[PDB]
Amino acid sequence: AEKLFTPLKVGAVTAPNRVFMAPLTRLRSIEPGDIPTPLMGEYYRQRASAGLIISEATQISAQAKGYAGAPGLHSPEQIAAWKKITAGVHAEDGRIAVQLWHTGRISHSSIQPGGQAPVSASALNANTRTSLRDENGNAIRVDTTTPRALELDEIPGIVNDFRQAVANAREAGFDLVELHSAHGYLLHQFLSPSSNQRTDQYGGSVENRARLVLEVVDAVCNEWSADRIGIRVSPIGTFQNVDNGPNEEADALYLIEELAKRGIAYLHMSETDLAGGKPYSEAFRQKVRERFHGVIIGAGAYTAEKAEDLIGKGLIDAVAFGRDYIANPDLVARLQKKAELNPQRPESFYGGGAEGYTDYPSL
Ligand SMILES: Cc1cc2nc3c(=O)[nH]c(=O)nc-3n(C[C@H](O)[C@H](O)[C@H](O)COP(=O)(O)O)c2cc1C
């Protein structure tokens with residue numbers, strides 16, 4: 001097929017194809033310590049023919065943690081383990097970005113430092129569930145704990161934690177960093193009027209709601225380089241953990257314009273929740289494309305045909321596939337050859353071990 005398999009310059013690195021591996025939480029890290037494993041290194045290595053791998057969401061700090069089994073990038077042991085994973089990808093001539101998150105109110109007190117309430121823009125429960133582990137280490141669901149609103153004087157420490165995690169990612173050998181500003185996590189909790197009822201300079205107006213994410217962007221650009229920074233947004237639609245308010249399109253375009261001023265490597269748009277949503281209109285895609293001067297990655301139930309169509313139209317540059325990458329380590333070769341895909345086994349997307357993780361065969 002015609003443009004999916006051609007190179008693309010993505011900030012400081014060049015992808016040999018446009019078939020990207022979306023960030024995918026798999027909840028297989030070691031506890032205690034939230035440490036990446038050899039098995040996770042093998043999983044990533046198997047996928048290194050991707051144009052770019054974007055890692056599972058990774059904590060910037062202990063406080064960022066909201067899921068048992070999700071890895072961090074804040075401790076020495078975590079840095080050491082990730083260095084190995086990046087070295088494995090590089091040994092197979094791949095490229096890998098770390099997605100960095102703070103889960104905010106999508107968390108539980110039992111996995112917070114001190115066992116205390118998690119933090120958010122406002123003290124409003126997400127009214128959803130997260131994943132913990134039981135006494136045998138198996139993934140279980142638990143209702144989210146009501147959070148504590150961050151005090152104004154705590155906000156600089158959040159920005160610093162993102163900055164430090166990006167410094168640690170560089171040390172760890174990642175090619176790029178993806179800020180997780182999507183899916184109702186901390187940055188999005190500030191962005192959304194649904195989850196942010198603050199009356200300080202971090203709530204109310206769109207400019208106030210985007211203030212935190214833009215401070216984080218600035219801090220990480222300064223720490224490393226703008227051509228090493230990507231951002232994931234999900235600014236249109238209703239996600240499990242939050243909606244985008246009553247002026248979603250205008251607010252999205254405001255944010256995107258701001259992000260472009262920073263000259264960052266990429267804009268990754270998660271277009272719908274797993275549960276579905278209204279498709280992006282081509283008019284809205286044009287409006288995004290004229291505001292952002294870097295690479296645009298599209299995601300959300302894409303097929304190869306839709307990817308080619310929108311790439312051919314000059315509307316996006318690359319596609320991130322999530323579940324097809326879970327099941328097909330050599331998704332690039334399969335798409336290039338129009339080969340059949342392995343069937344997905346959703347029961348093993350979260351937790352467990354090798355089964356449903358490293359046992360999906362290549363051609
Ligand atoms: C098991 C699983 C875990 C995911 N984990 C994350 C994540 O860590 N970060 C994130 O931004 N999105 C995550 N997503 C969303 C995916 O990155 C992707 O946007 C989504 O699966 C839709 O694309 P698909 O139809 O190609 O699977 C996850 C999706 C699934 C199914």
# chains A, B, ... in the order shown; residues from 1 in each chain; ligands from 1
>>> closest_atom_pairs(of="chain A", to="ligand 1", cutoff="10 Å", atoms="only C-alpha atoms and all ligand atoms", output="CSV")
residue,atom,partner,partner_atom_place_in_ligand_line,distance
A:20,CA,ligand 1,26 (O),9.8
A:21,CA,ligand 1,17 (O),8.0
A:22,CA,ligand 1,17 (O),4.3
A:23,CA,ligand 1,17 (O),4.4
A:24,CA,ligand 1,5 (N),3.4
A:25,CA,ligand 1,5 (N),3.7
A:26,CA,ligand 1,1 (C),6.0
A:27,CA,ligand 1,3 (C),9.0
A:54,CA,ligand 1,17 (O),8.6
A:55,CA,ligand 1,8 (O),7.4
A:56,CA,ligand 1,8 (O),4.4
A:57,CA,ligand 1,8 (O),4.0
A:58,CA,ligand 1,8 (O),7.7
A:70,CA,ligand 1,8 (O),8.7
A:99,CA,ligand 1,9 (N),7.1
A:100,CA,ligand 1,9 (N),8.9
A:101,CA,ligand 1,9 (N),8.5
A:178,CA,ligand 1,11 (O),9.0
A:179,CA,ligand 1,11 (O),9.0
A:180,CA,ligand 1,11 (O),6.2
A:181,CA,ligand 1,11 (O),8.2
A:182,CA,ligand 1,11 (O),6.4
A:183,CA,ligand 1,11 (O),6.8
A:184,CA,ligand 1,11 (O),9.9
A:185,CA,ligand 1,11 (O),9.4
A:231,CA,ligand 1,11 (O),9.7
A:232,CA,ligand 1,11 (O),6.7
A:233,CA,ligand 1,11 (O),8.3
A:234,CA,ligand 1,11 (O),8.8
A:268,CA,ligand 1,11 (O),9.1
A:269,CA,ligand 1,19 (O),8.4
A:270,CA,ligand 1,19 (O),5.4
A:271,CA,ligand 1,19 (O),7.8
A:272,CA,ligand 1,22 (C),7.6
A:273,CA,ligand 1,22 (C),7.3
A:274,CA,ligand 1,22 (C),6.1
A:275,CA,ligand 1,22 (C),9.7
A:276,CA,ligand 1,22 (C),9.6
A:298,CA,ligand 1,19 (O),8.7
A:299,CA,ligand 1,19 (O),5.3
A:300,CA,ligand 1,23 (O),3.8
A:301,CA,ligand 1,25 (O),3.2
A:302,CA,ligand 1,26 (O),5.7
A:303,CA,ligand 1,26 (O),8.0
A:319,CA,ligand 1,26 (O),8.6
A:320,CA,ligand 1,26 (O),6.4
A:321,CA,ligand 1,26 (O),3.7
A:322,CA,ligand 1,27 (O),3.5
A:323,CA,ligand 1,27 (O),3.8
A:324,CA,ligand 1,26 (O),6.2
A:325,CA,ligand 1,26 (O),7.8
A:326,CA,ligand 1,1 (C),8.1
A:346,CA,ligand 1,1 (C),7.7
A:347,CA,ligand 1,1 (C),9.6
A:348,CA,ligand 1,1 (C),8.7
A:349,CA,ligand 1,1 (C),4.9
A:350,CA,ligand 1,1 (C),6.3
A:351,CA,ligand 1,1 (C),9.8
>>> residues_around(residues="stretch 4-7 of chain A", least_positions_apart="4", cutoff="7 Å", atoms="only C-alpha atoms", output="PyMOL selection string")
chain A and resi 14-19+308
>>> closest_residue(among="A:1, A:242, A:259, A:165", to="residue A:291", atoms="only C-alpha atoms")
A:259
>>> closest_residue(among="A:310, A:196, A:188, A:224", to="residue A:255", atoms="only C-alpha atoms")
A:188
>>> closest_residue(among="A:43, A:292, A:360, A:82", to="residue A:262", atoms="only C-alpha atoms")
A:292
>>> select_by_dssp(residues="stretch 15-220 of chain A", states="helix (DSSP H, G or I)", output="VMD selection string")
chain A and resid 38 to 46 76 to 91 109 to 111 113 to 115 152 to 172 186 to 191 206 to 209 211 to 220
>>> select_by_dssp(residues="stretch 69-275 of chain A", states="strand (DSSP E)", output="mmCIF file with N, CA, C and O atoms, in the first residue's frame")
data_model
loop_
_atom_site.group_PDB
_atom_site.id
_atom_site.type_symbol
_atom_site.label_atom_id
_atom_site.label_comp_id
_atom_site.auth_asym_id
_atom_site.auth_seq_id
_atom_site.Cartn_x
_atom_site.Cartn_y
_atom_site.Cartn_z
ATOM 1 N N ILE A 96 11.386 4.562 20.517
ATOM 2 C CA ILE A 96 10.429 4.467 21.599
ATOM 3 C C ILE A 96 10.273 5.749 22.360
ATOM 4 O O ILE A 96 11.278 6.339 22.779
ATOM 5 N N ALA A 97 9.038 6.173 22.517
ATOM 6 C CA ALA A 97 8.638 7.281 23.357
ATOM 7 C C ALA A 97 8.071 6.762 24.654
ATOM 8 O O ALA A 97 7.352 5.786 24.604
ATOM 9 N N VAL A 98 8.306 7.472 25.754
ATOM 10 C CA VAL A 98 7.632 7.142 27.034
ATOM 11 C C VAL A 98 6.461 8.018 27.164
ATOM 12 O O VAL A 98 6.582 9.280 27.113
ATOM 13 N N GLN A 99 5.285 7.448 27.434
ATOM 14 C CA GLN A 99 4.132 8.294 27.768
ATOM 15 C C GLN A 99 4.194 8.525 29.267
ATOM 16 O O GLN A 99 4.232 7.568 30.049
ATOM 17 N N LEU A 100 4.113 9.804 29.668
ATOM 18 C CA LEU A 100 4.187 10.191 31.046
ATOM 19 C C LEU A 100 2.871 10.729 31.564
ATOM 20 O O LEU A 100 2.293 11.634 30.953
ATOM 21 N N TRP A 101 2.374 10.144 32.665
ATOM 22 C CA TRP A 101 1.117 10.601 33.270
ATOM 23 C C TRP A 101 1.211 10.879 34.766
ATOM 24 O O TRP A 101 2.107 10.438 35.458
ATOM 25 N N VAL A 119 -4.961 13.390 44.340
ATOM 26 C CA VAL A 119 -5.146 14.803 44.074
ATOM 27 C C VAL A 119 -5.754 15.095 42.721
ATOM 28 O O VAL A 119 -5.684 14.266 41.807
ATOM 29 N N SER A 120 -6.369 16.251 42.591
ATOM 30 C CA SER A 120 -6.997 16.667 41.326
ATOM 31 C C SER A 120 -7.120 18.193 41.302
ATOM 32 O O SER A 120 -6.680 18.879 42.202
ATOM 33 N N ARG A 129 -13.984 3.346 38.114
ATOM 34 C CA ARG A 129 -13.116 2.374 38.772
ATOM 35 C C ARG A 129 -11.712 2.456 38.185
ATOM 36 O O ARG A 129 -11.500 2.918 37.053
ATOM 37 N N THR A 130 -10.767 2.006 38.992
ATOM 38 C CA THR A 130 -9.399 1.762 38.568
ATOM 39 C C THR A 130 -9.054 0.322 38.843
ATOM 40 O O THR A 130 -9.860 -0.465 39.396
ATOM 41 N N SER A 131 -7.809 -0.061 38.511
ATOM 42 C CA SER A 131 -7.363 -1.418 38.713
ATOM 43 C C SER A 131 -6.342 -1.527 39.809
ATOM 44 O O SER A 131 -5.288 -0.876 39.702
ATOM 45 N N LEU A 132 -6.637 -2.345 40.814
ATOM 46 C CA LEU A 132 -5.736 -2.721 41.874
ATOM 47 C C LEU A 132 -5.301 -4.158 41.681
ATOM 48 O O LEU A 132 -5.579 -4.760 40.598
ATOM 49 N N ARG A 133 -4.512 -4.679 42.609
ATOM 50 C CA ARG A 133 -4.141 -6.110 42.586
ATOM 51 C C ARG A 133 -4.615 -6.742 43.902
ATOM 52 O O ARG A 133 -4.504 -6.102 44.968
ATOM 53 N N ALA A 139 -5.162 -8.665 38.825
ATOM 54 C CA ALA A 139 -5.855 -7.401 38.614
ATOM 55 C C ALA A 139 -7.324 -7.497 39.097
ATOM 56 O O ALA A 139 -8.038 -8.480 38.785
ATOM 57 N N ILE A 140 -7.757 -6.502 39.847
ATOM 58 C CA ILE A 140 -9.155 -6.366 40.285
ATOM 59 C C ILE A 140 -9.600 -4.945 40.071
ATOM 60 O O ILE A 140 -8.770 -3.999 39.947
ATOM 61 N N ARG A 141 -10.893 -4.733 40.029
ATOM 62 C CA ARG A 141 -11.436 -3.359 39.909
ATOM 63 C C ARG A 141 -11.880 -2.810 41.228
ATOM 64 O O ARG A 141 -12.311 -3.556 42.177
ATOM 65 N N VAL A 142 -11.700 -1.501 41.400
ATOM 66 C CA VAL A 142 -12.085 -0.855 42.664
ATOM 67 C C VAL A 142 -12.603 0.520 42.338
ATOM 68 O O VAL A 142 -12.000 1.185 41.496
ATOM 69 N N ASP A 143 -13.596 1.002 43.082
ATOM 70 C CA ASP A 143 -14.131 2.367 42.815
ATOM 71 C C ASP A 143 -13.056 3.424 43.157
ATOM 72 O O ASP A 143 -12.336 3.268 44.184
ATOM 73 N N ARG A 148 -8.566 15.114 46.758
ATOM 74 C CA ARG A 148 -8.319 16.429 47.402
ATOM 75 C C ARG A 148 -7.916 17.447 46.343
ATOM 76 O O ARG A 148 -6.981 17.154 45.546
ATOM 77 N N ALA A 149 -8.559 18.635 46.281
ATOM 78 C CA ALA A 149 -8.101 19.699 45.341
ATOM 79 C C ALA A 149 -6.652 20.092 45.625
ATOM 80 O O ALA A 149 -6.316 20.416 46.773
ATOM 81 N N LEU A 176 11.821 10.039 22.626
ATOM 82 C CA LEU A 176 10.863 11.133 22.804
ATOM 83 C C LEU A 176 10.071 10.885 24.087
ATOM 84 O O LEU A 176 10.102 9.783 24.629
ATOM 85 N N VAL A 177 9.314 11.905 24.479
ATOM 86 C CA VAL A 177 8.374 11.823 25.590
ATOM 87 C C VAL A 177 7.003 12.207 25.097
ATOM 88 O O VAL A 177 6.872 13.235 24.349
ATOM 89 N N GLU A 178 5.951 11.467 25.539
ATOM 90 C CA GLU A 178 4.552 11.866 25.231
ATOM 91 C C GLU A 178 3.849 12.314 26.516
ATOM 92 O O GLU A 178 3.609 11.458 27.430
ATOM 93 N N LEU A 179 3.455 13.570 26.628
ATOM 94 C CA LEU A 179 2.712 13.986 27.809
ATOM 95 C C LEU A 179 1.322 13.487 27.726
ATOM 96 O O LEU A 179 0.619 13.659 26.702
ATOM 97 N N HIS A 180 0.838 12.805 28.790
ATOM 98 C CA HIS A 180 -0.516 12.254 28.764
ATOM 99 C C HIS A 180 -1.514 13.327 29.218
ATOM 100 O O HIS A 180 -1.826 13.479 30.418
ATOM 101 N N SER A 181 -2.049 14.083 28.238
ATOM 102 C CA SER A 181 -3.001 15.134 28.516
ATOM 103 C C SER A 181 -4.422 14.734 28.069
ATOM 104 O O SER A 181 -5.256 15.572 27.694
ATOM 105 N N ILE A 229 9.453 16.424 22.422
ATOM 106 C CA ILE A 229 8.188 16.413 23.188
ATOM 107 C C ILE A 229 6.994 16.186 22.294
ATOM 108 O O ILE A 229 6.764 16.925 21.331
ATOM 109 N N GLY A 230 6.201 15.174 22.623
ATOM 110 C CA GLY A 230 4.877 15.032 22.082
ATOM 111 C C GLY A 230 3.854 15.171 23.186
ATOM 112 O O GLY A 230 4.198 15.102 24.351
ATOM 113 N N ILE A 231 2.605 15.298 22.759
ATOM 114 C CA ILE A 231 1.497 15.419 23.687
ATOM 115 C C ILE A 231 0.313 14.619 23.133
ATOM 116 O O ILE A 231 0.015 14.648 21.915
ATOM 117 N N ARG A 232 -0.385 13.886 23.992
ATOM 118 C CA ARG A 232 -1.621 13.254 23.652
ATOM 119 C C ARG A 232 -2.782 14.029 24.262
ATOM 120 O O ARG A 232 -2.792 14.307 25.490
ATOM 121 N N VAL A 233 -3.764 14.337 23.409
ATOM 122 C CA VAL A 233 -4.969 15.018 23.819
ATOM 123 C C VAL A 233 -6.177 14.178 23.371
ATOM 124 O O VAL A 233 -6.080 13.390 22.392
ATOM 125 N N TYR A 266 5.174 16.607 18.183
ATOM 126 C CA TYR A 266 3.962 16.020 17.702
ATOM 127 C C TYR A 266 2.761 16.248 18.531
ATOM 128 O O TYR A 266 2.864 16.483 19.751
ATOM 129 N N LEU A 267 1.616 16.130 17.877
ATOM 130 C CA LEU A 267 0.296 16.237 18.471
ATOM 131 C C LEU A 267 -0.384 14.908 18.221
ATOM 132 O O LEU A 267 -0.615 14.546 17.068
ATOM 133 N N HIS A 268 -0.738 14.173 19.274
ATOM 134 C CA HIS A 268 -1.383 12.808 19.119
ATOM 135 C C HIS A 268 -2.809 12.969 19.584
ATOM 136 O O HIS A 268 -3.043 13.299 20.721
ATOM 137 N N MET A 269 -3.769 12.813 18.674
ATOM 138 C CA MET A 269 -5.162 12.964 19.025
ATOM 139 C C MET A 269 -5.858 11.616 19.164
ATOM 140 O O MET A 269 -5.999 10.869 18.185
ATOM 141 N N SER A 270 -6.309 11.320 20.391
ATOM 142 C CA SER A 270 -7.192 10.197 20.671
ATOM 143 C C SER A 270 -8.612 10.638 20.402
ATOM 144 O O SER A 270 -9.195 11.477 21.120
#
>>> residues_around(residues="stretch 206-214 of chain A", least_positions_apart="3", cutoff="8 Å", atoms="only C-alpha atoms", output="JSON, numbers by chain")
{"A": [155, 159, 181, 187, 190, 191, 192, 193, 196, 201, 202, 203, 217, 218, 251, 254, 255, 258, 259]}
>>> write_last_selection(atoms="N, CA and C atoms", output="CSV table (one decimal), in the first residue's frame")
chain,number,residue,atom,x,y,z
A,155,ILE,N,1.0,23.5,42.9
A,155,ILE,CA,1.1,23.3,41.5
A,155,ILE,C,2.5,23.4,40.9
A,159,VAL,N,4.4,20.6,38.2
A,159,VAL,CA,5.2,20.9,37.0
A,159,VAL,C,6.6,20.4,37.1
A,181,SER,N,-2.0,14.1,28.2
A,181,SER,CA,-3.0,15.1,28.5
A,181,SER,C,-4.4,14.7,28.1
A,187,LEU,N,-3.8,16.1,33.8
A,187,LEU,CA,-3.8,17.3,32.9
A,187,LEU,C,-5.2,17.5,32.3
A,190,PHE,N,-7.6,19.2,34.7
A,190,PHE,CA,-7.6,20.7,34.7
A,190,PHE,C,-8.2,21.3,33.4
A,191,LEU,N,-8.0,20.7,32.3
A,191,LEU,CA,-8.5,21.2,31.0
A,191,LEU,C,-10.0,21.2,31.0
A,192,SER,N,-10.7,20.2,31.6
A,192,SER,CA,-12.2,20.1,31.4
A,192,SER,C,-12.9,20.9,32.5
A,193,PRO,N,-13.9,21.7,32.0
A,193,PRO,CA,-14.8,22.4,33.0
A,193,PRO,C,-15.6,21.5,33.8
A,196,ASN,N,-13.0,20.6,36.7
A,196,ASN,CA,-12.3,21.7,37.2
A,196,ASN,C,-13.3,22.8,37.6
A,201,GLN,N,-6.4,31.1,39.2
A,201,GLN,CA,-6.0,31.2,37.8
A,201,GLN,C,-5.9,29.9,37.1
A,202,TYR,N,-6.1,28.8,37.8
A,202,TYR,CA,-6.1,27.4,37.1
A,202,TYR,C,-7.5,26.9,36.8
A,203,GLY,N,-8.6,27.7,37.0
A,203,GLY,CA,-9.9,27.3,36.5
A,203,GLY,C,-10.7,28.5,36.0
A,217,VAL,N,4.3,21.8,29.4
A,217,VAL,CA,5.0,21.8,28.1
A,217,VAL,C,6.2,22.7,28.1
A,218,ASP,N,6.1,23.9,28.6
A,218,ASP,CA,7.2,24.8,28.7
A,218,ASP,C,8.4,24.2,29.5
A,251,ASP,N,-12.3,25.3,22.4
A,251,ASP,CA,-11.3,25.1,23.4
A,251,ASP,C,-10.2,24.3,22.9
A,254,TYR,N,-7.9,26.5,20.7
A,254,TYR,CA,-7.2,27.3,21.5
A,254,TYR,C,-5.9,26.6,22.0
A,255,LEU,N,-6.1,25.4,22.6
A,255,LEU,CA,-5.0,24.7,23.1
A,255,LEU,C,-4.0,24.3,22.0
A,258,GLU,N,-1.8,27.2,21.1
A,258,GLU,CA,-0.8,27.4,22.1
A,258,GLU,C,0.3,26.4,22.0
A,259,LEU,N,0.0,25.1,21.8
A,259,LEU,CA,1.0,24.0,21.7
A,259,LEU,C,1.9,24.3,20.5
>>> closest_residue(among="A:73, A:81, A:219, A:264", to="residue A:59", atoms="only C-alpha atoms")
A:73
>>> atom_distance(atom1="atom CA of residue A:168", atom2="atom CA of residue A:63")
16.5 Å
>>> closest_residue(among="A:283, A:296, A:327, A:91", to="residue A:358", atoms="only C-alpha atoms")
A:327
>>> closest_residue(among="A:253, A:220, A:77, A:313", to="residue A:288", atoms="only C-alpha atoms")
A:253
>>> residues_around(residues="residue A:241", least_positions_apart="2", cutoff="9 Å", atoms="only C-alpha atoms", output="PyMOL selection string")
chain A and resi 106+126-128+183-185+189+238-239+243
>>> write_last_selection(atoms="N, CA and C atoms", output="CSV table (one decimal), in the first residue's frame")
chain,number,residue,atom,x,y,z
A,106,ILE,N,-8.3,9.6,39.1
A,106,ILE,CA,-8.4,8.2,38.7
A,106,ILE,C,-7.4,7.3,39.4
A,126,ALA,N,-14.3,10.9,40.5
A,126,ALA,CA,-14.4,10.5,39.1
A,126,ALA,C,-15.6,9.6,38.9
A,127,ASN,N,-16.1,8.9,39.9
A,127,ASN,CA,-17.2,8.0,39.8
A,127,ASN,C,-17.0,6.9,38.8
A,128,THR,N,-15.8,6.4,38.8
A,128,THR,CA,-15.5,5.3,38.0
A,128,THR,C,-14.7,4.3,38.8
A,183,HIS,N,-7.8,11.6,28.2
A,183,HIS,CA,-8.5,10.4,28.9
A,183,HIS,C,-8.8,10.6,30.4
A,184,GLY,N,-9.0,11.9,30.7
A,184,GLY,CA,-9.5,12.2,32.1
A,184,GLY,C,-8.5,12.0,33.2
A,185,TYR,N,-7.2,12.0,32.8
A,185,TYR,CA,-6.1,12.0,33.8
A,185,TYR,C,-5.8,13.4,34.3
A,189,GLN,N,-8.0,16.6,33.7
A,189,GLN,CA,-8.9,17.1,34.8
A,189,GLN,C,-8.8,18.6,34.9
A,238,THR,N,-16.7,12.6,25.0
A,238,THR,CA,-16.8,12.2,26.4
A,238,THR,C,-16.0,10.9,26.5
A,239,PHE,N,-15.2,11.0,27.5
A,239,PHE,CA,-14.3,9.9,27.8
A,239,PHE,C,-14.9,9.3,29.1
A,243,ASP,N,-15.8,14.6,30.4
A,243,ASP,CA,-16.2,15.2,29.1
A,243,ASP,C,-15.4,16.5,28.8
>>> atom_distance(atom1="atom CA of residue A:304", atom2="atom CA of residue A:13")
23.0 Å
>>> residues_around(residues="stretch 32-39 of chain A", least_positions_apart="2", cutoff="6 Å", atoms="only C-alpha atoms", output="ChimeraX atom specification")
/A:29-30,41-42,71-72,78,81
>>> atom_distance(atom1="atom CA of residue A:279", atom2="atom CA of residue A:194")
21.6 Å
